Amino acid sequence: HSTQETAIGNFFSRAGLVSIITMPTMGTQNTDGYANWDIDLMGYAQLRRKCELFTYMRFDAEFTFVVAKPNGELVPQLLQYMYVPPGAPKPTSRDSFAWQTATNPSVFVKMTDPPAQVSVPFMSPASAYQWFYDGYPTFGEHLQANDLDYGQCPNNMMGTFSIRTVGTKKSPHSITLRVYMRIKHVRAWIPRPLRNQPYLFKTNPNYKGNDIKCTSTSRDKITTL
Amino acid sequence: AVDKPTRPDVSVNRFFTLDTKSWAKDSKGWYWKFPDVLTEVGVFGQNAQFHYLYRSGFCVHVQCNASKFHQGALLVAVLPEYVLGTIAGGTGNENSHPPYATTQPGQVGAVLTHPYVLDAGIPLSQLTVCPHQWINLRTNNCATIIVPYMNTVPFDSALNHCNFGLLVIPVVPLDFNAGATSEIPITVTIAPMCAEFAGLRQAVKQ
Amino acid sequence: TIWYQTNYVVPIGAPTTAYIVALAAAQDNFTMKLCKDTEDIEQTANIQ
Ligand SMILES: CCCCCCCCCCCCC/C=C/[C@H](O)[C@H](N)CO
Numbered sequence: 073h074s075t076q077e078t079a080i081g082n083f084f085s086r087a088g089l090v091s092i093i094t095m096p097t098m099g100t101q102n103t104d105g106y107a108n109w110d111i112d113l114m115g116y117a118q119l120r121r122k123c124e125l126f127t128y129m130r131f132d133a134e135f136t137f138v139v140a141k142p143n144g145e146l147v148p149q150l151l152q153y154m155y156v157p158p159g160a161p162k163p164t165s166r167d168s169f170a171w172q173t174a175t176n177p178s179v180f181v182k183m184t185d186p187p188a189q190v191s192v193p194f195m196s197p198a199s200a201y202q203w204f205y206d207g208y209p210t211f212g213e214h215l216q217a218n219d220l221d222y223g224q225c226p227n228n229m230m231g232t233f234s235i236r237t238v239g240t241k242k243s244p245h246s247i248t249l250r251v252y253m254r255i256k257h258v259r260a261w262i263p264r265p266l267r268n269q270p271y272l273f274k275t276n277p278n279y280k281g282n283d284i285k286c287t288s289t290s291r292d293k294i295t296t297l
Numbered sequence: 118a119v120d121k122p123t124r125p126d127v128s129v130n131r132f133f134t135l136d137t138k139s140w141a142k143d144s145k146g147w148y149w150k151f152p153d154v155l156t157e158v159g160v161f162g163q164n165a166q167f168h169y170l171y172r173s174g175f176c177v178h179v180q181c182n183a184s185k186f187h188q189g190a191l192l193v194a195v196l197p198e199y200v201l202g203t204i205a206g207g208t209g210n211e212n213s214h215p216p217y218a219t220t221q222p223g224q225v226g227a228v229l230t231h232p233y234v235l236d237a238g239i240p241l242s243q244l245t246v247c248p249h250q251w252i253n254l255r256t257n258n259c260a261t262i263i264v265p266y267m268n269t270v271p272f273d274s275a276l277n278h279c280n281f282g283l284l285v286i287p288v289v290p291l292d293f294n295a296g297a298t299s300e301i302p303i304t305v306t307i308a309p310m311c312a313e314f315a316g317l318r319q320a321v322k323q
Numbered sequence: 195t196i197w198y199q200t201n202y203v204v205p206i207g208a209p210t211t212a213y214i215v216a217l218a219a220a221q222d223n224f225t226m227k228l229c230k231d232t233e234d235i236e237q238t239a240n241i242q
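This is the structure:
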């Protein structure tokens, strides 16, 4: 019997959904024609439970960007992708100076073309990604209002991702984007227990206090199966 | 780091005895945050305030004494990067973070609220995946665990970053009949190993 | 200084109060010099 299947190489390597981004025509949010999405991979529950097995993790990522209209059909619409590193200008509009793509990487794809694929190296300044950081990023005293900085690793914010439709006029068709990731060239450390409680917030592992779900099922008697 | 670090072998690395924790039948267990306990104690604590960079290994030792008529079990485990959660009021719609008193208990330590989830939302039965030792009052009344330095960076700030926590959890409640001594202390002594300091600076408390 | 570290634990049926005997001596590196008189012998009267 071969152990290749239970190895971390094949278990960590495949596509999963890390982000859901929409650009509706009518609404209070993305209707301006562009979207600015800060990069967070923990808004998705099931892949988060896989990455929480281990504390420190070092890997590379391949991405897949699928575009479709919320009803599922497609239109010949051209889209623009751009990656914004920390410190780089974030776009204030669709005609904004930031989308002009000088030194920032960009991807051009249509809605009739197959999904776009890119490869992202290891961009963290440390040796590996730190999922659970115990401490504070800031010096000095921390009051109740400054307690938000707890559990925040400054090495985990690698930039911001943004999308828009090309052209000056507004596009009549709505667009829904689904971001995918495949982990490759992975190295792992410090195993951790698997979380048995439902997720609540992205940034910190909060659990609902009223009901604590037992990790095992219950029965009537210990001597009866 | 381009600086040449200090190695005060005798004044830094030695056994540090902490306060004793009185055991009770409903006791839920306590936890400490290293290296936040020794920041106020001895030469180790003073040089930690004058130095920005910190790397050392630790020595964990736990002491719980009992007689032949006492039956109990303690679980002493080391969990790297132990993050405290919050019940969020119990409803789950409120966003709240634990204050500095719970996240940085200091030398005295802090007590667990819901030991089943360890306030991490994770099962207690899986705690043995990390390095652990069992204290069974019928055989071993002591425990010793040698934990090296584990971080993604060689040096790091001792004040903000807590490396790992220490969990002494009374899994099996100690039972004793009437007339026996009801005061059972729990003594935890710790020592640093191979400490290196860098970035000599002014006095910084927190 | 001698200090209580944990506690004195005793079963049922055994005394709860114990006594500790302290011993003292020297080592091989112990060295003395400059002989003199001590205070531990006194004559307030003749020896009959
Ligand atoms: C051409 C467009 C390329 C878009 C590139 C976006 C970079 C996304 C990289 C994701 C790799 C993991 C980064 C961090 C993941 C988690 O969100 C962090 N732990 C946040 O705490």
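Protein chains in written order, with the deposited numbering: chain A, 73 to 297; chain B, 118 to 323; chain C, 195 to 242. Every residue, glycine too, gets a C-beta built ideally from N, C-alpha and C.
(message) For a quick check, are the C-beta atoms of residue 257 of chain A and residue 131 of chain A less than 7 Å apart?
(response) A contact, by the Cβ cut-off of 7 Å.
(message) Rounded to the nearest angstrom, what separates residue 89 of chain A and residue 143 of chain B at their Cα positions?
(response) Answer to the nearest angstrom: the Cα atoms are 44 Å apart.
(message) Could you compute how far the alpha carbon of residue 329 of chain A sits from the alpha carbon of residue 108 of chain A?
(response) It is not possible to answer for residue 329 of chain A, since the shown part of chain A is limited to 73 through 297.
(message) Give me the chain B residues within the contact set of residue 172 of chain C, using Cβ-Cβ distance strictly less than 9 Å, ordered along the chain.
(response) Coverage of chain C is limited to positions 195 through 242, which leaves residue 172 of chain C absent and any answer about it impossible.
(message) Let me check one thing: in DSSP terms, what residues is residue 133 of chain B bridge-paired to?
(response) The beta-bridge partner set that DSSP reports for residue 133 of chain B consists of B:307.
(message) With a threshold of 7 Å between beta-carbons, can residue 221 of chain B be considered close to chain C, or not?
(response) For residue 221 of chain B, the answer is no, since every Cβ of chain C falls outside 7 Å of its Cβ.
(request) Return the first residue and the last residue of the alpha helix (DSSP H) that residue 201 of chain C is part of. (result) Neither: residue 201 of chain C is in no alpha helix (DSSP H) and is coded neither H nor E.
(request) Please report the residue range of the beta strand (DSSP E) in which residue 155 of chain B lies. (result) Where residue 155 of chain B is concerned, there is no enclosing beta strand (DSSP E), given that its DSSP letter is neither H nor E.
(message) Shorter than 6 Å, the distance from the beta carbon of residue 111 of chain A to the closest heavy atom of ligand 1, or not?
(response) True, at least one ligand heavy atom lies under 6 Å from that Cβ.
(request) Kindly confirm or deny that the region 293 to 306 of chain B and the region 122 to 137 of chain B touch, where touching means at least three C-beta pairs closer than 8 Å. (result) Under the Cβ criterion (8 Å, minimum of three pairs), the region 293 to 306 of chain B counts as touching the region 122 to 137 of chain B.
(message) Determine whether the beta carbon atoms of residue 208 of chain A and residue 280 of chain B lie at a separation below 7 Å.
(response) No, they are not a contact pair.
(message) Strictly below 8 Å CB to CB, what residues from chain B border residue 199 of chain A?
(response) 269, 270, listed in chain order.
(request) Verify the contact flag: residue 155 of chain A, CB atom, against every heavy atom of ligand 1, threshold strictly below 6 Å. (result) Taking the Cβ of residue 155 of chain A as the reference point, at least one heavy atom of ligand 1 falls within a distance shorter than 6 Å.
(message) Do residue 163 of chain A and residue 234 of chain A count as a contact pair if the criterion is CB distance below 7 Å?
(response) Inclusion of residue 234 of chain A and residue 163 of chain A in the CB contact set at 7 Å is warranted, their separation being smaller than that value.
(request) Assign residue 259 of chain B to one of three DSSP states: helix, strand, or coil. (result) In the structure shown, residue 259 of chain B sits in a strand (DSSP, three-state: E or B).
(request) Using a Cβ cut-off of 7 Å, pull out every chain B residue sitting near residue 201 of chain C, in sequence order please. (result) Under the 7 Å cutoff, chain B gives 182, 300, 302.
(request) State the DSSP-derived secondary structure class of residue 171 of chain A, mapped to helix, strand or coil. (result) Looking at residue 171 of chain A - three-state DSSP - the assignment turns out to be helix.
(request) Just tell me which of C:207, C:204, C:216, C:210 has its CA closest to the CA of residue 195 of chain C. (result) Nearest C-alpha to residue 195 of chain C: C:216.
(request) Tell me whether residue 220 of chain B is buried or exposed, calling it buried when 16 or more other Cβ atoms sit within 10 Å of its Cβ. (result) With 16 or more other Cβ atoms within 10 Å, it is buried.
(request) Reducing DSSP to helix, strand and coil, say where residue 303 of chain A ends up. (result) The requested residue 303 of chain A does not occur in the structure, where chain A is confined to residues 73 to 297.
(request) Could you give the DSSP three-state label for residue 74 of chain A: helix, strand or coil? (result) In the structure shown, residue 74 of chain A sits in coil (DSSP, three-state: anything other than H, G, I, E or B).
(request) Can you grab the Cα-Cα spacing for the pair residue 305 of chain A / residue 239 of chain A, in whole Å? (result) Residue numbering for chain A in the displayed model covers 73 to 297; residue 305 of chain A lies beyond these limits and cannot be assessed.
(request) Might you give, ordered along the chain, the residues of its own chain that have their beta carbon closer than 6 Å to the beta carbon of residue 93 of chain A, omitting 5 neighbours on each side? (result) By the criterion of a C-beta distance shorter than 6 Å, residue 93 of chain A is surrounded in its chain by 107, 109, 249, once the five residues flanking it on both sides are discounted.
(message) For chain A, check one thing: does any of its Cβ atoms lie closer than 7 Å to the Cβ of residue 224 of chain B?
(response) By this cut-off, residue 224 of chain B is not an interface position.
(request) Ignore the nearest five residues each way along the sequence and tell me which others in residue 182 of chain B's own chain have a CB closer than 8 Å to its CB. (result) Same-chain partners within the cutoff: 258, 301, 302.
(request) Please list the segments of the beta strand (DSSP E) lying wholly inside the region 202 to 232 of chain A, counting only runs of 3 or more residues, in order along the chain. (result) Runs of the beta strand (DSSP E) inside the region 202 to 232 of chain A: none found.
(message) For a test of your reading of the model: does the CB of residue 258 of chain A fall under 6 Å from any non-hydrogen atom of ligand 1? Yes or no.
(response) Checking the Cβ of residue 258 of chain A against ligand 1 gives no.
(message) Using only the alpha-carbon positions, how far apart do residue 200 of chain C and residue 114 of chain A sit?
(response) Here the C-alpha atom of residue 200 of chain C lies approximately 46 Å from the C-alpha atom of residue 114 of chain A.
(message) For residue 284 of chain B, report the span of its beta strand (DSSP E) as first-last.
(response) Per DSSP, residue 284 of chain B belongs to the beta strand (DSSP E) from 281 to 292.
(request) Would you list, in chain order, the members of the region 265 to 288 of chain A that have their beta-carbon closer than 8 Å to a beta-carbon of chain B? (result) Answer set for the region 265 to 288 of chain A: 265, 266, 267, 268, 269, 272, 273, 276, 277, 278, 279, 280, 281, 282, 284, 287.
(message) Once DSSP output is grouped into helix, strand and coil, what is the label at residue 252 of chain B?
(response) Three-state result, residue 252 of chain B: strand.
(message) Any beta carbon of chain A sitting closer than 7 Å to that of residue 214 of chain B?
(response) True, the Cβ-Cβ gap to chain A drops below 7 Å.
(message) Looking at the secondary structure, which residues open and close the beta strand (DSSP E) in which residue 189 of chain A lies?
(response) Taken as a continuous stretch (DSSP letters only), the beta strand (DSSP E) holding residue 189 of chain A covers 188 to 192.
(message) If contacts are defined as beta-carbon pairs under 8 Å, then residue 206 of chain B and residue 279 of chain A qualify, I think. What distance do you get, rounded to the angstrom?
(response) About 12 Å separates the two Cβ atoms, so there is no contact after all.
(request) Could you work out which residues of chain C lie near residue 137 of chain B, taking near to mean beta carbons separated by less than 7 Å? (result) Within 7 Å Cβ-Cβ: 200.
(request) Give a yes or no on whether 7 Å exceeds the smallest Cβ distance from residue 205 of chain B to chain A. (result) Taking 7 Å as the threshold, the shortest C-beta distance from residue 205 of chain B to chain A falls below it.
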